[PDB]
Structure formats: C-alpha cells, structure tokens
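As structure tokens, the next two blocks hold two forms of the same chain, structure 1 and structure 2.
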Structure 1
C-alpha cells in the first residue's frame, strides 16, 4: 500500500471543488489518498468550502494569512503531506483527475516523477489558438535548450504532475519560483521521469526568464558561459598575436588571417576541453575538435545572416553588427554544449 497526497493550491476557486473532488474520488477510489488544499486567505468563500467537504472527502485544509504565491503554496503542501506519492494539480479542472491513475501507475512502474504533458504524443490543449500554442512551446524550447538537464522534457512547465516524496526531502526549492515543476526538475533527486499525455481543459515572460537565469546559475551553467568567454578572450590574443607576427614575416594580411584564425580555434578548443567542459567530455578528442570547428563556423553564418537581415530591416550597421556577434556567441555556445560536448 501507498498513500497519495493530491496537493491543490487555491485562490478564488469555489464552483470547482464539488466536481473536482467528485472526479478525484472516482478516479482514485480505493487508493489511500488525501487531498491537501493550501489557500492564501482568499476573499473567496474558500477556504470555507474545503473544510465542509472535509466531511465527505479526506481533505486537509491550509489557510495562509500572510503568504501568497502558486509555487510557494506547493512547497507548503509538500511539508503538510503524509503520503508517499505526491500529485500536484490545479483546482480549475484544466487538469483532469481521470488521468491521475495513469500518473501513479507510472510512478509505481519505477519512474520517480510523472508529468501530465500537453505536448507528448496523445497530448492536447484544446480551445487554445495556434499563436498562443506556439509561444508556449517556444518558451518551453528556450528552457529545454538553456537547461540541458530537461532537454528531452517536452512539458517542463506543467503544473500537473506526480512525484515520489523522496524527490523533495531535504531539498530547498525557491518559493519565488515561477513554475514549481522545473524547480523540481533542476534541484530534485530522481532518476526516471516520464510524461503522460493529457488534454488540457477549459476553466509574464520576463518573470519566466529570471527563473531560467536562476536555474542556469544554480546548475552552474552561467559559470560555464563565463569560463567560455574567458577562453574566447585568449583566442583574441592568440589570433591577433599570430596575425601581427605573420604579417611581419612577409605573409600578406589577407592570407595571414587564415592560419591565425585557425590557431585561435585550436587554442579555444583546447582550453574548453580541459576546463569549461572537462566533466562532460566524451568520444574522441579529435571528434570533439571536429565538432568545435562546426561550432565556430556556425556562429559565423549566424552572424552574417543576422547582420544583413537587420540591415534590410533598417537597423544601424553598428547595432546590427553588435547583435550579430552576440547571437553568434550564443549559438556557438549552445551548439558546443549540446553537440560538441554531448553528455
């Protein structure tokens, strides 16, 4: 036997509690389940509805008078729950309790985390327009790319998931976090994660980006970027340095850059292999060298195209030039982190 805590944070949720609880109990009938409801002193009748339903449903109601926030509510729920398996979902019925068996079965089969996912095969998000569905996936893309850990997670931003209690014991999760699932995906202890398709139902970006910056720092990814830029600086030295020498020994300036840029690449790869990424090196050292070349070149292409496009859009050459170097750097790092150094 296992005890299942369905944790549900609430603010102004009322006309949902009756049919929500109805559907949880039917889906979770027989299983030792508890419903933990954290309410941030909502002006809504609720909390008040929830303790009355504590007469007909196993419900433990938490009333926060001087704390607010979706992610902070879930943290508390983790503290107040005695089950072995946690389920987090929303009160507004956008998360269907009928897929909760499918979530817990996935935990039983050996997965530490089970995510109700909109975007895996089978998943749906009805009633949502295509441009709002794009920017969601896309924002998700930025996360999957910036955080290699969650690369394969197609819906890391779900508020609808399940997890084993051991994933969050003794872990400190940011209460200011935008989305709790990713705090768990980054700082949680686990081995397996699975996504479970569900159909999203009927009833900010700069906040999301600061979160990723926080997760990128915590994972040490900001460090990797810092140490990457330092390695690039050395390149500038070895590049210009061998250029001057080359030009002084007769070699024309137009033909001296060619070996000088290449010696800078070799320089930059070397320090990168044995410093920035010494922990995630793999395959041949010649094969990492080959890919690093593809990386430095990819950034050149990205720089060229972005430069010229901005020019056609009317942007100042010096501003188009700066954006084209920045984006070059970004792509060169991403391509290096994911491909050249594939963990």
Structure 2
C-alpha cells in the first residue's frame, strides 16, 4: 500500500558515522517501499552535509544545509517544507531511535491515526541504561506539560523526537521555530483527531558527542508558557485570580457584617467563607470557564468545594513548612497563598470543569 510516499526527516549536527548504520537500518526496515530521507543540517563543522550526499548513490537521500539558520525544531520545520511525502517520519540520527519500529508507526498511520508517537512511557516502552532518578525527572518534566496543557493530558511522551504524521496535520499550520520540542508544538497547533502512542526502546547513542543535554529544560518551560498563552490557559488563570481576589473581599465583607449584626466572631467566620466560596464559583462558571461547563451545575459546585478546601490545606502546610525552614513569615504567607491559587486552578481546570 505504501506506494504513497514516506519522508523520513532527520535533523543533524555533527552526526557522522551514524549515517552509515542509520541509512542502512532505515533502508532495511522500509524495504521496497516508496520513501526518501531528508537530512537537514545546520552547516556542521564536522564533515557532513556532504557525507550524506555520497550515500545518495546508495540511498534515496535529499540533503539540506541551512547556514543562515540554526536550531532543532527549526530544522524539522524546514524538513516539513522540503519533504514531498504523504507521511512524515521524524527521528534522530544517533540510533537512539530504532529505524526498525518505523514500520509500526506508519502502520498506525495507515490504520487511521493522524499522528503516531514513538513513546518511551506507554506499556511496552523502554529506555535502556537509565537511572530511575533520571527517568522520573523525565516523567516529572513531562507531567508538568500534561497538567498545564489539558489537550495533551493523556499523552505519556509528548516530548519525544520520534513520531510520524500525515502531511495534512501540519499543512497550512504555523509552527513556532524556537526550541527543541516540535512534537509538543504539533500536538497543540496541528490538525488531527486521532493520536496513538507506539512503544519502542530508547537506545544508547552509539557514537558521537551529545548536543542537548542539558539545555532543554528552561526552553521547555518557556515553551509551555507560550503554548499556555496560545491555548487560552493563561487568560483563564488571570480571570481565576481576579475572581479569587473578589472572594477574599467578599469573605471579609460578610465577616465584618456578621459581628455588628450580633453574631459572635468565630461562629461568623464559617458563613462568611462559604459565601466567598459560592461567590467564587458563580463568577468562574459564567466567566472563567463559561465555555467548558458540563453536567449538572450542582456537581460542579461540589467539586469546586474540594478544590477550595485543597487550596486551604496546601496553604496551611506550605506555610508551616517554610516557617520551620526559617523563611520570614510574610514570604511564607505569600508563597502559601500563591501555591493555593495554583492548586485550586489545576483541580478546577482538570476536575470541576474538565475537558
């Protein structure tokens, strides 16, 4: 069936030796299928944009040197533009991504997926010769993206550099050239309805020096912030905070009201807090999250209470922990309130008004 063309897009920088075993193993895996390889190199000081060209005699290889421009994600944007295939496959040259599972990816694409991800962390997936501290900071950094961007909540490896997509997913789509996480840009900005994750084994880099670890992590946070903006999440947070402020005022306003109406001070505290909670729920349901209301309004009210109490507990715990650590009590109080706002937001976005 793959008379339809597959472009295998490979960003390189000082990859050398691998080309031989890379192209060999790719060809073996994609035997007799219609495919091209699209190497996009940013003027390596080291030997190839042109070592790849001598292998053009043995392999269907198109080579691109960008000399004005530089960057991993940027290279893949370029590879998209220059590829002529129906299906794009993206991967690294160092053989950490095994060409032998490329068939499983395109197979997933043929079966109806718009996007097939090579995933270290789905059932079956592996990453060999890694400490578990290393593996968990990885899943940790990922979890930050899965929580901050509800759209990729169910994607266990959205930072993977190993994936396939139908050409249509990225056609007419403007992808941000900054960074290292092109897959994440696509999951947020691309056109698709089905994504699957395909287990594979992350291999040891056979040969050559490492050009990323570690520059990625800060860019990755800056990237998540850019995506949060694009997705409307930053705008929801600002409204949620504005509504939060109104709640603090309403809480005090009823508290003052109840003491001059006869009600004792610590019996008054509770109706005051409940009214502030209800106030906060009302404005969030018709403003902050007006567009993603589901089910009964009572079910959401109840869940909103869980998020409010969770916020209160987090505020309590964080505060006392910072005091024991010797932080000034006003900083401790400020961090308390901000972490409580963050946790309330997350639980509301993911539970109360989940998408």
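Residue numbers count along the first chain shown, from 1. Just so we're on the same page, rigid core means the largest C-alpha set that superposes within 1.5 Å between forms.
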Relative to the superposed core, which single residue of 68, 45, 282, 316 shows a CA shift of 2 Å or more between the two structures? 316
Could you tell me the distance the CA of residue 121 travels between the two structures after a rigid core superposition, in angstrom? 0.5
When only the core is superposed, residue 177 shows a C-alpha shift between the two structures in angstrom of 2.8
Where the rigid core has been superposed, how far does the Cα of residue 307 end up moving between the two structures, given in Å? 1.8
